[PDB]
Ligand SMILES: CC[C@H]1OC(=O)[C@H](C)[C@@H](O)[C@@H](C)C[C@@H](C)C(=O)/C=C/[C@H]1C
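First, one chain by itself in structure tokens, the form deposited without this ligand.
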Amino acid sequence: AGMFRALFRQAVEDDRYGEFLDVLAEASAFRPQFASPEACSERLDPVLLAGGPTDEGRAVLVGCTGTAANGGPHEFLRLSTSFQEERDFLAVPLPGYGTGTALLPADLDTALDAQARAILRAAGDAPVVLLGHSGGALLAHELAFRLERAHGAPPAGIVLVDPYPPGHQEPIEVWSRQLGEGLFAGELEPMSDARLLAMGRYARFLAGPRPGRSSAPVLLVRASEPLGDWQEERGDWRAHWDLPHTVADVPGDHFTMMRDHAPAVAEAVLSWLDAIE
């Protein structure tokens, strides 16, 4: 396919996932970019994947697409089936992965602004609960903060499915080989070099210093099975967020929680939305 995919495959084999991700971030510097939300080259209209009952003033769920180069439109499909007849579920695209190939955001705030504008158009008067998994969970919180700070519109809630935020990333660093193998095992087509570069750019965004914390309440959803090997004496390997409103534990590991066990995630979400409403 592309040279970057070949290099990534070898990096994962040599257990140097983290090193290759840094290479992807540096290389992404030399891809054409958009520097203002207006200049975004793609249409970020959310897609409706599930319909709630008709019909009021009930929150709609917005799935925040994660950074995985093998991801995209498929990401929330299995999960969304469990929301049909319960809640509207909209998936918003992550800028820079589209289509000529899409312009990359110059910085994270620029991509978040683009997403915020598309979400606010789609949602209308309805309250919004943001949902993301893994790197998308980190992005869901960053979006939530930006909606609040810069768009006068804090979401009604955030659902963070297995987040590993800065300061709490040791297990995900220890398991980077499995993460890399999961990306390859989860391919439907070969990961494009353009999307690999997008993934590196966002990974770098998310390691950088961020402006603060959203006031929206948080549901922390955690996998119950470790993705790889872990010594008990090393501490808790589990996903982490500071002082969540509610915590839910679901079957599966970092990956299988969202497919195999997607109904369990959905059930935790539906219960929580009832509680906060």
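Superpose the two forms; the largest set of C-alphas matching within 1.5 Å is the rigid core. From 1 onward, residues are counted along the sequence shown.
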| item | value |
| --- | --- |
| Divergent stretch in 5 other deposited structures of this protein, 231-239 or 247-255 [C-alpha RMS, superposed by the core] | 231-239 |
| Greatest C-alpha divergence in 5 other deposited structures of this protein once each structure is fitted on the rigid core, 121-129 or 187-195 | 187-195 |
| Check: residue 115 without coordinates in a third or more of other entries | no |
| Gap at residue 99 across at least one third of the other PDB entries | yes |
| Residue 170 preceded by how many uncoordinated deposited residues after residue 169 | none |
| Continuity check for residue 55 and residue 56, given as deposited residues lacking coordinates between them | 1 to 3 |
| Of 147-155 and 132-140, the stretch whose C-alpha atoms average the higher B-factor in the entry | 147-155 |
| Per the entry, higher mean C-alpha B factor between 195-203 and 118-126 | 118-126 |
| Deposited CA B-factor, highest of 90, 183, 108, 160 | 183 |
| Per the PDB entry, maximal CA B factor within 51, 217, 235, 63 | 235 |
| Relative C-alpha B-factor of residue 81, binned into the chain's lowest, middle or highest third | middle |
| Assigned third (lowest, middle, highest) for the C-alpha B factor of residue 242 | middle |
| B-factor third for the C-alpha atom of residue 11 within its chain | middle |
| CA B-factor ranking of residue 100, expressed as a third of its chain | highest |
| Ranked C-alpha temperature factor of residue 174 among modelled chain residues, by third | highest |
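The following text describes the form solved in complex with this ligand, which does not appear among the structures shown.
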| item | value |
| --- | --- |
| Interface stretch in the entry with it bound with this ligand - options 30-38, 43-51, 206-214, 229-237, non-hydrogen atom within 4.5 Å | 206-214 |
| Full three-residue contact with this ligand in the entry with it bound, heavy atom 4.5 Å, for 65, 110 and 143 | no |
| is_contact(residue 21, this ligand) in the entry with it bound, heavy atom dist at most 4.5 Å | yes |
| This ligand contact in the entry with it bound: residue 176, any heavy atom under 4.5 Å | yes |
| This ligand contact in the entry with it bound: residue 103, any heavy atom under 4.5 Å | no |
| Contact test in the entry with it bound: residue 169 vs this ligand, heavy atoms, 4.5 Å | yes |
| Listed residue (118, 138, 197, 147) with a non-hydrogen atom within 4.5 angstroms of this ligand in the entry with it bound | 138 |
